[PDB]
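S.K.: Return atomic coordinates for the entry below.
(12 chains, ligands or ions: 16)
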Amino acid sequence: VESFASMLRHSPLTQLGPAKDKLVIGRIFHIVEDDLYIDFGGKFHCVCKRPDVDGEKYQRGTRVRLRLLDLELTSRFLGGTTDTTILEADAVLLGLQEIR
Amino acid sequence: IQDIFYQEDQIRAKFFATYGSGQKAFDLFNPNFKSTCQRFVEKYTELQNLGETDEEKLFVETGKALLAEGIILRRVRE
Amino acid sequence: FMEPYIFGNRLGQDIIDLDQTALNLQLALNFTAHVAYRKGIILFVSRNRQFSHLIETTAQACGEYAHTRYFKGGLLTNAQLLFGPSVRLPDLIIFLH
Amino acid sequence: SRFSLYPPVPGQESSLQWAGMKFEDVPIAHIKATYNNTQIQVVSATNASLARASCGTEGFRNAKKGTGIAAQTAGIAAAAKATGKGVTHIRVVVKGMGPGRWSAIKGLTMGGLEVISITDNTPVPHXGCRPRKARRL
Amino acid sequence: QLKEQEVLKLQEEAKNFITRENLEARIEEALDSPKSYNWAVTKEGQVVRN
Amino acid sequence: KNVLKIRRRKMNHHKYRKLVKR
Amino acid sequence: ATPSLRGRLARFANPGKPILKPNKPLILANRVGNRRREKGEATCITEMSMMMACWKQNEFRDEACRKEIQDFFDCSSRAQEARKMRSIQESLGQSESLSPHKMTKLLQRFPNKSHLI
Amino acid sequence: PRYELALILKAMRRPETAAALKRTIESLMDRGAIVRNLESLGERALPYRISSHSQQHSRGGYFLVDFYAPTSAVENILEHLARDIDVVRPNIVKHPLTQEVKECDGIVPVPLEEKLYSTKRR
Amino acid sequence: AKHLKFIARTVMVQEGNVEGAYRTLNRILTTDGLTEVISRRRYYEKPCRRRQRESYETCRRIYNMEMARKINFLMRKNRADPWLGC
Amino acid sequence: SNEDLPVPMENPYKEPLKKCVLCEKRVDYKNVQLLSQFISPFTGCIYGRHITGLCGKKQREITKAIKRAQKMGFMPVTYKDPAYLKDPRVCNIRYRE
Amino acid sequence: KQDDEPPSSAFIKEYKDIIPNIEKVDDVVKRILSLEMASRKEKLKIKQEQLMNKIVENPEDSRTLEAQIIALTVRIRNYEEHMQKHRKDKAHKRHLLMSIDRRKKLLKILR
RNA sequence: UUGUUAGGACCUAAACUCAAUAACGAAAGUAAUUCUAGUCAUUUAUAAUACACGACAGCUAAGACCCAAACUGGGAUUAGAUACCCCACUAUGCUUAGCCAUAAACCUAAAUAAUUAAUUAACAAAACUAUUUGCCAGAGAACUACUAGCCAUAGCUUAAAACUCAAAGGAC
Ligand code: FES
Ligand SMILES: [K+]
Ligand SMILES: [Mg+2]
Ligand SMILES: [Mg+2]
Ligand SMILES: [Mg+2]
Ligand SMILES: [Mg+2]
Ligand SMILES: [Mg+2]
Ligand SMILES: [Mg+2]
Ligand SMILES: [Mg+2]
Ligand SMILES: [Mg+2]
Ligand SMILES: [Mg+2]
Ligand SMILES: [Mg+2]
Ligand SMILES: [Mg+2]
Ligand SMILES: [Mg+2]
Ligand SMILES: [Mg+2]
Ligand SMILES: [Mg+2]
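M.R.: Residues are numbered from 1 along each chain as shown, chains lettered A, B, ... in the order given. Ligands and ions are numbered 1, 2, ... in the order given. Sure, structure below:
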């Protein structure tokens, strides 16, 4: 049985390295009006806006392309003892993935 | 808390600085996904097993091997 | 108080040792089974609204109870007044969150 | 090919002329806007007096002498004397930060003078004279 | 080694120092060639001599 | 804190200065 | 960039004399202040002066200033609708930004904690 | 030490400017100096009107004189140059090249300060 | 006094928008801090008062600027409720 | 023990420190073209480090050079010389709306 | 005064042992690197080194009490010359009196 | 008198922006420019009856004087207004020497070396150990009386008792 240490070393997330300005594939699982909730394989989903072009194409289950920025949006503020987190990830929707 | 840094990160850091992230998009839902960078690190390791000791030699030779494989590596300084 | 369970920090993101998780999860599931075997009341509790319906659906499937809504002050410390004189309180509370 | 807020540079060649006059030649309207009285003097580019006016000379007195409408009247009066003397374009150097700082320039516009630029010369010492003590209220 | 080199450089530089013999000639060479210390940087930190 | 204890010393010192003046 | 707050307050770490002496603790609150009311500016002030100007010459006789009187009504009639239309729509929408009440409720969903949990 | 003179001279014709620069540098030598270089920066308009020797000046010729001199000579040089009638404004400073451009590795990000107040609930 | 006249604090009127020229002139003097300087130079501010004021303004700027960050940091999470009804 | 355990090392991906637009450059009082890029075109006032973007060290070098240049008959004090009104803009500021 | 004052023709302590080795150096170069074209601080580094040779058994060591005392005797005489011109300098009058007291403390430990 | 002066003289006084900086100095204090002189090694803590300093105000002699300004005079306000507001003007703030030695001289936190768990009287700027000196022992009487020292003479430091009360005080 593979060890947890081995699993982590060869994990896709460990291979990604820093997540800033990386390209990843996500999946839309929830849509509220023109807001798309996209799972890109991380801890937290991201929330993007439906593009004007090919808006109807972005339906639930649609795999898309993204440019990650943060896996979790967090920041300590003046007088805080802990980082405030919004339980959300940061990414830029680039467009649909070609099925090919 | 131990900062998690494997030995491949030295190689991966150079690859991202020289070529950026592979134009192919990462798929983090496939448990066995092999990215363009991870193949670079697998070849760089193979050459290092042969006994090459110069980092410059291993980086330019690995680029040539992937070029023969057909992977499109762009040395984007931008 | 979580640093014992953290395998390390992968570029800012804490990683949780899944070896300690496996050991602790074994104990927690073992305890939850003996409580269920002895016909004890199990209450699932969470306030995450993304998973509110899933957790209420699980409790119904198991045959147990779920409280995923706003928790009234005194629910357990003042149970007799809120629910009635002979209300039986939960024997185990599972906090998914 | 755009308008420049910055004034022409003295000693250079520019295409900007007003009524066949260069920038250095256009007469200057000196407005001293204080918190009590707003004075106005118009001079030629050789520093020769052409018009003079102020809220006091118009006839305002005490607290009325320091209102916006009082300076507006003073500017219109200064324009009339300057317009008679032969002035159509003025460079407005507005000293002071009082109530009739803008009103005096608005009166000059109402009086038939064409402002081409606005300078500010409010005294700002670089370290100078100790000001009078703060008033208690 | 460093101090010996620094002394030798100063000895080479002293060849072109001004003296009473070459004063007038050096003055006219300076007057003929003006110098400029002006230059500007961009938001990218690049010198932009005109 | 209030200045009450300073006010007592304030009056003691003022009254003493006028006694010395007299 | 927020000013530096290192070596400013009077503390046992700081060797030198303090720079800043805050009246109140420097901890972000979970509310925003109630924005103080803003008032508008006079509308049709120029047109009123024009109307009044003509009267002065014509002994306050509306026969001479008929055209100017109609301009004063025109400006007021436009502004009358403008104040009506803008209050009904723009103020209700609050589209551009949040109000103090809406902002504070969002600041309370992710509140600042100066104490350990 | 190594001193850089900044000599603004009266606007004059080259014959007289050259004569003024020979008289000036000779004074530096007479004060125990070792002149290293002479540079011209050109005639230009002064940033403001400087009044020297009962004359108002709007244009002057800017010159630099690099030299060595004892620490005691700096005062004597400035006194003499201020008495010259073709010197608008003499300013002696320590030569900039003696000071070295310091080595830097960018701005270090110092984080927002913490542990300023106790963790007591409010 | 010894400088050249009409270069400093001077604006040019564009197509007869004198009010715009005045409004730009004031924006310059306010942005450059001259307005506050002339406002505070009417009377004398005591050295202790000046230091108390600068300490106050710096602490306010620190708070206001940081408060803006939290507002902008949470601006994105203000969206339609995805989990309405639960 | 375990070959796959992480190895202590300095962060390979650590990002470089940002430098100011005058980092490792010589600020001279005689370079009035560069000094003029950090003053106001209208009043000639020195900009603060929240506008120039300089570090503490280079901000003080520019400040000490503008004052020396202004005091030695090289630079004007009450405005920016009209010659340098066209030079590159390296300060975050907009007088026009 | 004191028996020894460095001559104006002497080289600074950086090049004191370097110029002698160099085969031939111009008069000007020697004058630039002499004590005539240096600050007073350089002339004091030469005064101290002379005294360390004439007193200390091992002039290579500057951390001995005898060497520390010699370092303070040069400063004390330097502060005194300063105070002969700047009669109302209270910071340097403090520096002078504090160095004298420091020497007395070191001389006591040495004894 | 006023406004303008790209006119002249003066060089009195004070140092905008930079400074959203936080450096230097034992403290007091110190930020217009230039140059000269200049801070530096005692293991560390610990000192008076000694030595040297010490904001502001004030004193002595001679100068300076743009502006500010106790006092004083005039105007107003008020029932009164020996005030708050307005005008004028002096001691004084400046310089050269000497004196005085006091501040909410407080960052109300002595200095030094640690420690961050075995640890909330309240509030403030988290708790706490060791070392050495100084200081405190209910409030008022009392920054007082007397004594001694001091360039101080309506002064400073030093500093009680009688007598009165059953509280005063701190935080909430
Ligand atoms: S960041 Fe390097 S000198 Fe400014
Ligand atoms: K205090
Ligand atoms: Mg209070
Ligand atoms: Mg009493
Ligand atoms: Mg307080
Ligand atoms: Mg006059
Ligand atoms: Mg004048
Ligand atoms: Mg020196
Ligand atoms: Mg009276
Ligand atoms: Mg006087
Ligand atoms: Mg005095
Ligand atoms: Mg005392
Ligand atoms: Mg103090
Ligand atoms: Mg006392
Ligand atoms: Mg007494
Ligand atoms: Mg006594």
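S.K.: does the nearest residue to residue K:86 once chain neighbours are set aside sit in a helix, a strand or a coil?
M.R.: Leaving aside its sequence neighbours, residue K:86 sits nearest to residue K:92 (CB to CB, 6 or more residues apart in numbering or on different chains; 6.6 Å). In this view, the C-beta of every residue, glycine as well, is placed from N, C-alpha and C. Reduced to three states with DSSP: H, G, I helix; E, B strand; the rest coil, the structure at residue K:92 is helix.
S.K.: Could you do residue H:6 as well?
M.R.: Strictly by three-state DSSP, residue H:6 counts as strand.
S.K.: For residue H:66, see how far away it is.
M.R.: In this structure, residue H:6 lies at 11 Å from residue H:66, with CB to CB, to the nearest Å as the measure.
S.K.: and the one helix or strand residue K:80 maps to with chain H, contact?
M.R.: Secondary structure assigned from DSSP states H and E places residue K:80 in helix K:65-85. No. Looking at helix K:65-85 against chain H by CB under 8 Å from any CB of the partner chain, there are no contacts, and the closest approach is 12.7 Å.
S.K.: circling back: test my guess that the residue nearest to residue K:86 contacts residue K:79.
M.R.: Yes. Between residue K:92 and residue K:79 there is a contact under CB atoms under 8 Å: 5.8 Å.
S.K.: before we move on, the earlier item: show me what counts as buried in the helix holding residue K:80.
M.R.: Using 16 or more other CB atoms under 10 Å in any protein chain shown as the test for burial, helix K:65-85 gives K:66-79.
S.K.: What of stretch A:33-49?
M.R.: Buried residues in stretch A:33-49, counting neighbours by 16+ other CB under 10 Å, are found at A:36-42, A:44-48.
S.K.: Adding secondary structure and distance to residue G:112, write the residues you listed out as CSV.
M.R.: Listed next are the buried residues of stretch A:33-49 as CSV, based on DSSP: H, G, I helix; E, B strand; the rest coil; distance: CB to CB, whole Å:
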residue, secondary structure, distance to residue G:112
A:36, strand, 30
A:37, strand, 27
A:38, strand, 29
A:39, strand, 29
A:40, coil, 29
A:41, coil, 31
A:42, coil, 26
A:44, coil, 21
A:45, coil, 25
A:46, strand, 24
A:47, strand, 23
A:48, strand, 27
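S.K.: Any figure for the gap between the residue in chain C that ligand 1 sits nearest to and chain D?
M.R.: The shortest separation between chain C and ligand 1 is 24.9 Å, found at residue C:12 (distances taken as CB to the nearest ligand atom). If you measure residue C:12 against chain D using CB to the nearest CB, to the nearest Å, the figure is 48 Å.
S.K.: Apart from its neighbours in sequence, what residue is nearest the residue of chain C most remote from its centre?
M.R.: Computed with CA atoms, centre = their mean, the residue of chain C farthest from its C-alpha average is residue C:11, at 30.6 Å. By the measure of CB to CB, 6+ apart, the closest residue to residue C:11 outside its immediate chain neighbours is residue A:18, 6.0 Å from it.
S.K.: okay, now residue I:23: neighbour count?
M.R.: 13 (other CB atoms under 10 Å in any protein chain shown).
S.K.: can you tell me which residues contact it?
M.R.: If a contact means CB atoms under 8 Å, 6 or more residues apart in numbering or on different chains, then residue I:23 has no contacts.
S.K.: Is it in a helix, a strand, or coil?
M.R.: The three-state assignment at residue I:23 reads helix, by three-state DSSP.
S.K.: circling back to that earlier point, where does the residue nearest to residue C:11 fall, phi/psi-wise?
M.R.: In terms of degrees, to the nearest 10, the main-chain angles of residue A:18 are phi -60, psi 140.
S.K.: Tell me who's in contact with it.
M.R.: Under the criterion of CB under 8 Å, 6+ apart, the neighbours of residue A:18 are B:16, C:11, J:13.
S.K.: Repeat that for residue B:6.
M.R.: Going by CB under 8 Å, 6+ apart, the list of residues near residue B:6 reads A:9, A:14, J:6-7.
S.K.: and stretch K:97-111, C-alpha only, in PDB?
M.R.: What follows is stretch K:97-111 as a C-alpha-only set of coordinates in PDB (Å, rounded to 0.1, in the frame of the first residue of the first chain):
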ATOM      1  CA  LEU K  97      35.000  63.600  30.800                       C
ATOM      2  CA  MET K  98      33.600  60.200  30.100                       C
ATOM      3  CA  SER K  99      36.700  59.000  28.300                       C
ATOM      4  CA  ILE K 100      38.900  60.200  31.100                       C
ATOM      5  CA  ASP K 101      36.700  58.200  33.500                       C
ATOM      6  CA  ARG K 102      36.800  55.100  31.200                       C
ATOM      7  CA  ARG K 103      40.600  55.300  31.200                       C
ATOM      8  CA  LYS K 104      40.700  55.400  35.000                       C
ATOM      9  CA  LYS K 105      38.500  52.300  35.200                       C
ATOM     10  CA  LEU K 106      40.800  50.500  32.800                       C
ATOM     11  CA  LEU K 107      44.000  51.600  34.500                       C
ATOM     12  CA  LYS K 108      42.600  50.300  37.800                       C
ATOM     13  CA  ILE K 109      41.900  46.900  36.300                       C
ATOM     14  CA  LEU K 110      45.400  46.800  34.700                       C
ATOM     15  CA  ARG K 111      47.000  47.700  38.100                       C
END
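S.K.: Figure out how far it is from the centre of its chain.
M.R.: Relative to its parent chain, stretch K:97-111 has a centroid offset of 18 Å by CA atoms, centre = their mean, to the nearest Å.
S.K.: Disregarding residues adjacent in the polypeptide, which is nearest to residue 84?
M.R.: I'll assume chain A. The spatially closest residue to residue A:84, leaving aside those adjacent along the chain, is residue G:110, at 5.4 Å (CB to CB, 6+ apart).
S.K.: The intended chain is chain J.
M.R.: Nearest in space to residue J:84, with sequence neighbours left out and distances taken as CB to CB, 6+ apart, is residue J:36 at 4.1 Å.
S.K.: Just say helix, strand or coil for that neighbour.
M.R.: The three-state label for residue J:36, taken from three-state DSSP, comes out as helix.
S.K.: Shouldn't residue I:20 be within a strand?
M.R.: No. Assigned with three-state DSSP, residue I:20 falls outside any strand and is helix.
S.K.: check contacts around it.
M.R.: I:13-14.
S.K.: please redo it, this time with the cut-off set to 10 Å
M.R.: For residue I:20, the set of contacting residues under the criterion of CB atoms under 10 Å, 6 or more residues apart in numbering or on different chains consists of I:11, I:13-14, J:97.
S.K.: quick one: it and residue G:72, what's the gap?
M.R.: To residue G:72, residue I:20 is 26 Å away according to CB to CB.
S.K.: same check, this time on residue C:9
M.R.: Taking CB to CB as the measure, residue C:9 falls 73 Å from residue G:72.
S.K.: Pull the number of nearby residues for the residue nearest to residue K:86.
M.R.: 14.
S.K.: Touching, it and residue K:83? I think so.
M.R.: Yes. Assessed by CB atoms under 10 Å, residue K:92 is found in contact with residue K:83 at 6.0 Å.
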